[PDB]
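first portion of the complex, with coordinates as positioned in the assembly:
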Amino acid sequence: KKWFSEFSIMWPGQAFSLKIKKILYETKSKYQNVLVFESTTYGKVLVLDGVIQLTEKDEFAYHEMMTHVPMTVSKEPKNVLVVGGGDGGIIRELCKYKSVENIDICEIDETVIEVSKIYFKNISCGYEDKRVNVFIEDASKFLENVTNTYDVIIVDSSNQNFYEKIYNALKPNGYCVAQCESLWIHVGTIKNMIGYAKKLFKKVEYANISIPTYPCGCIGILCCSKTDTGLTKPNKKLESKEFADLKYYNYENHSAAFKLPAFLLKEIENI
């Protein structure tokens, strides 16, 4: 059998590879190359421009932490925006909250959504929920155009003007979490991201998620708060039957994810 290998100038000198049991789908969309394959040991894999987007075996780690960190801090979130995230994993976690009344997702490439609906049914199931509204659209145009404000915005996608638009689209006590780089390779980028956020948000925090199929085995969450209390401590426990199946997130893990290695703390305490 052949092997998929993940190369990139963003992590030069290293690569991760998965063994292919069988290729399922391949296309070039208007925006990116799309590959779906069944791996031998990580279940199905989604690849965009040769970079792994998710695998069945571990996606719960990233989707649970990205969603339940902000959603357990926000008191009674009613309206939530997902930027990027065509695969639907965040939306699947969001639908577990009965308080939520509306979920907007903005994804520029509908092929991602369609491929996820077809090949990743246990990840894209949230799309069948009546609260979920899909916008095939560039996120800057969406954010500039939306009239509603959001309690939580979750940026599930790899700019200082952009974070102004996020801030304006948030309620007064709203929160934004954004995917934000591995601490093992792009500390310079993390510093820039915290710098951009701190000009607008009064509380900017960084958490780490362990996930083996992202480069270096982990990925950060940039956490932006308009209030002074920040996002490190949940205000609620996920006890109802909808959360009985959670596989990574729990009340203790939430806080622990913000306890960073000493070298990173040193780089970012002076920003």
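Yep, that arrived. Residues are numbered from 1 along each chain as shown, chains lettered A, B, ... in the order given.

could you check how far the residue sitting nearest the centre point of chain A is from residue A:194?
In chain A, the residue lying closest to the centroid (CA atoms, centre = their mean) is residue A:156, at 3.4 Å. For residue A:156, the distance to residue A:194 equals 19 Å [CB to CB, to the nearest Å]. From N, CA and C alone the C-beta is placed, and that goes for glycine too.

ok, residue A:221 next?
With distances taken as CB to CB, residue A:221 is found 12 Å from residue A:194.

any common contacting residues for these two?
Common neighbours of residue A:221 and residue A:194 (criterion: CB atoms under 8 Å, 6 or more residues apart in numbering): residue A:206.

who has more neighbours, those two?
The neighbour count for residue A:221 versus residue A:194, taken as other CB atoms under 10 Å, is higher for residue A:221 (23 against 20).

look up the residues forming beta bridges with residue A:5.
Listed by DSSP bridges, the beta-bridge partners for residue A:5 are residue A:17.

wait, isn't it in contact with residue A:15?
Yes. Counting by CB atoms under 8 Å, residue A:5 touches residue A:15, with 5.3 Å between them.

what segments of the stretch 101-250 of chain A are helices?
With DSSP state H, counting those that start in this stretch as the definition, the stretch 101-250 of chain A shows helices at residue ranges A:110-119, A:139-145, A:160-169, A:187-200.

any chance of these in JSON lines, with distance to residue A:75 too?
JSON lines is the format used below for the helices of the stretch 101-250 of chain A (distance: least, CB to CB, whole Å):
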{"stretch": "helix A:110-119", "distance to residue A:75": "30"}
{"stretch": "helix A:139-145", "distance to residue A:75": "24"}
{"stretch": "helix A:160-169", "distance to residue A:75": "19"}
{"stretch": "helix A:187-200", "distance to residue A:75": "22"}
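
most tightly surrounded among those helices?
With neighbours taken as mean count of other CB atoms under 10 Å, the helices of the stretch 101-250 of chain A reach their highest mean count in helix A:110-119, at a mean of 18.

list the contacts of that helix.
Defining contact as CB under 8 Å, 6+ apart, one finds that helix A:110-119 is touched by A:24-25, A:27, A:29-31, A:34, A:36, A:44, A:46, A:48, A:86-88, A:107, A:123-124, A:127, A:134, A:136.

kindly format the C-alpha coordinates of it as PDB.
What follows is the C-alpha trace of helix A:110-119 in PDB, where atoms were taken according to Å, rounded to 0.1, in the frame of the first residue of the first chain:
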ATOM      1  CA  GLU A 110     -18.800  24.300  -0.300                       C
ATOM      2  CA  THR A 111     -16.900  21.200  -1.600                       C
ATOM      3  CA  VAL A 112     -15.500  20.900   1.900                       C
ATOM      4  CA  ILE A 113     -19.000  20.800   3.400                       C
ATOM      5  CA  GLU A 114     -20.400  18.500   0.700                       C
ATOM      6  CA  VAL A 115     -17.400  16.100   1.000                       C
ATOM      7  CA  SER A 116     -17.900  16.000   4.800                       C
ATOM      8  CA  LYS A 117     -21.600  15.400   4.500                       C
ATOM      9  CA  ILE A 118     -20.900  12.400   2.200                       C
ATOM     10  CA  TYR A 119     -17.800  10.800   3.600                       C
END
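
extra chain here, label it chain B:
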Amino acid sequence: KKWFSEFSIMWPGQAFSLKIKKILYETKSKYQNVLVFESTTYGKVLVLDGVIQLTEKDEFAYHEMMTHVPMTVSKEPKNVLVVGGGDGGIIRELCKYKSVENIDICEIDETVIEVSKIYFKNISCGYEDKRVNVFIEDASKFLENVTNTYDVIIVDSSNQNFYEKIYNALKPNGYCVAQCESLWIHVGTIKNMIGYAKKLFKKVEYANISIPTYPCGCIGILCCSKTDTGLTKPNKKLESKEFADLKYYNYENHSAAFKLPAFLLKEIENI
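To build on what is shown above, here is chain B added in:
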């Protein structure tokens, strides 16, 4: 340039690769194949039987956590044993403690030690400390033969009889920490290891370390206590000048490393 690739039946279906700037040394010892190369982005790399043992860029994560977790819990450790660990990283962290009077290291393959002394000077520097005594010897024979008991034993190497020997070689309030698998691939093995330890030790805990060049980007520490308080909370802060250069470990990270993902907690609460 060529690429080193790390394959193994222990993690089937996946592989990690580093780009080679230049090969430095290669031999077959009595016990294993030994490769040393300068990578393009992780500095120098030590490989044993085709499995990465360490790299300069990230070794501090594993050596700091393996050492300072037990050494900040033990009140006044005087005698410490390192099993395996020919590369010297643990010993380098141990020498920072002025209270320590003796450090025994037991390593079956002296080539490892010699290669580390030659090619990894910032990792093997502890060998020049007068407290350090080297035994080229199988660890089961060493543990069966030693007359001293230890305050801390650090098993830096990839068996129920073996943990009996560890228990007997420890002081009444002594501690053992052992390298113990990635939670992303060998949960069955972690369960067995905790099972073996719990028959002898009254407190058996599991912590996670983020380190990108180990498979799945992380590696566990099996933590065994003879006292009931366990190893999750340090009894001291590392404030003296010897610890000013620490790059991963800190007082908060210590406890956070024991906050495990929900699926692992579920597998190991019933053992």
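
circling back: residues in contact with the residue nearest to the centre of chain A?
Contacts for residue A:156 were tallied using CB atoms under 8 Å, 6 or more residues apart in numbering or on different chains; they are A:66, A:82, A:83, A:84, A:85, A:89, A:90, A:179.

work out for me the element the second one sits within.
Right, residue A:82. In this assignment (DSSP states H and E), residue A:82 forms part of strand A:79-84.

the next helix or strand after that strand close to chain B?
Counting by DSSP H and E, the element after strand A:79-84 in chain order, helix or strand, is helix A:89-94. No. No part of helix A:89-94 sits close enough to chain B to count as contact by CB under 8 Å from any CB of the partner chain; the gap is at least 13.3 Å.

go through helix A:89-94 and flag the buried ones.
When neighbours are counted by 16 or more other CB atoms under 10 Å in any protein chain shown, the buried residues of helix A:89-94 are found to be A:89, A:90, A:91, A:92, A:93, A:94.

in the sheet, who's paired with the residue nearest to the centre of chain A?
According to DSSP bridges, the partner residues bridging residue A:156 are residue A:84.

out of the contacts of residue A:156, who's the most crowded?
residue A:82 (29 neighbours; other CB atoms under 10 Å in any protein chain shown).

pretty sure it contacts residue A:150?
No. Between residue A:82 and residue A:150 no contact is recorded; they are 9.9 Å apart, counting by CB under 8 Å.

intersection of neighbour lists for those two?
With contacts taken as CB under 8 Å, 6+ apart, the residues that reach both residue A:82 and residue A:150 are residue A:104.

list the contacts of the closest residue to chain B within chain A.
Closest to chain B within chain A is residue A:217: 1.3 Å, counting by CB to the nearest CB. Residue A:217 is in contact with A:182, A:210, A:211, B:210, B:211, B:212, B:216, B:217, B:218, counting by CB under 8 Å, 6+ apart.

neighbours of the closest residue in space to the fifth one that isn't next to it in sequence, how many?
For residue B:211, ignoring the flanking residues on the chain, the nearest one in space by CB to CB, 6 or more residues apart in numbering or on different chains is residue B:61 at 4.5 Å. Neighbours of residue B:61 under the rule other CB under 10 Å: 24.

just the angle for the strand or helix carrying residue B:61 relative to strand B:79-84, thanks.
Secondary-structure assignment from DSSP H and E places residue B:61 in helix B:59-73. For helix B:59-73 against strand B:79-84, the angle by axes from the mean of the first three to the mean of the last three CA atoms, to 10 degrees is 150 degrees.

burial check on the closest residue to residue A:206 other than its chain neighbours, number of neighbours?
The shortest distance from residue A:206 to any residue that is not its chain neighbour, by CB to CB, 6+ apart, is 5.6 Å, and that residue is residue A:220. When neighbours are defined as other CB under 10 Å, residue A:220 has 22 of them.
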